[PDB]
Amino acid sequence: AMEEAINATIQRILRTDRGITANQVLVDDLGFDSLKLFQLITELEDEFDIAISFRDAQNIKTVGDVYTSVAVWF
């Protein structure tokens with residue numbers, strides 16, 4: 001639900017219909033680069049009306065880490 005929305009945002013940014021799962025490494029598995037990671041953080045801040053610290057954004061490695069970064073607000 002929250003997760004489905006995060007997956008949709010991930011898919012929109014990467015322009016893919018591939019399935020998204022919590023174990024996927026953003027860079028190694030999904031092909032995020034620095035621009036697309038910036039898009040992800042800022043899109044989610046705007047989508048969910050939340051804020052994610054730079055430090056936490058730095059430390060996000062997997063899809064699951066993205067879920068728990070948003071989950072803390074809900």
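Position 1 is the first residue of the sequence; numbering continues from there. Because only heavy atoms are used, hydrogens play no part in the values below, and waters and symmetry mates are left out as well, while side chains stay in.
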Would you give the length of the straight line joining atom [atom1] of [X] to atom [atom2] of [Y], rounded to the nearest 0.5 angstrom?
X   : Y   : atom1 : atom2 : answer
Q11 : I6  : CD    : CD1   : 12.5 Å
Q39 : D46 : CD    : CG    : 12.0 Å
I41 : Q58 : CD1   : CD    : 11.5 Å
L37 : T42 : CG    : OG1   : 10.5 Å
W73 : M2  : CH2   : CE    : 13.5 Å
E43 : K36 : CD    : NZ    : 13.0 Å

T9 and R12, any side-chain heavy atoms less than 4.5 Å apart: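 No, too far: nothing below the 4.5 Å cut-off.
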Non-hydrogen side-chain atoms of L30 and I20 separated by less than 4.5 Å: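 Yes; the side chains approach each other to less than 4.5 Å.
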Are [X] and [Y] in one and the same hydrophobic cluster, where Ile, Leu, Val, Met, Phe, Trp and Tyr link if side-chain heavy atoms are under 4.5 Å apart?
X   : Y   : value
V63 : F38 : no
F74 : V66 : yes
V70 : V72 : yes

Trace of the side chain to side chain contact (heavy atoms under 4.5 Å, CB included) decision for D65 with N59: CA-CA 8 Å; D65 291 338; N59 287 340; over 6 Å; no
Greater than 12 external heavy atoms within 6.0 Å of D33's CG: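 Counting neighbours around CG of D33, more than 12 heavy atoms of other residues, nucleotides or ligands fall under 6.0 Å, so yes.
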Closest approach of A57 to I52 (non-hydrogen atoms, all atoms of both residues):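 That would be N-CG2, 3.9 Å.
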For the student: nearest non-hydrogen atoms of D29 and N23, plus distance: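 For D29 versus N23, the nearest heavy atoms are OD2-O, 4.2 Å.
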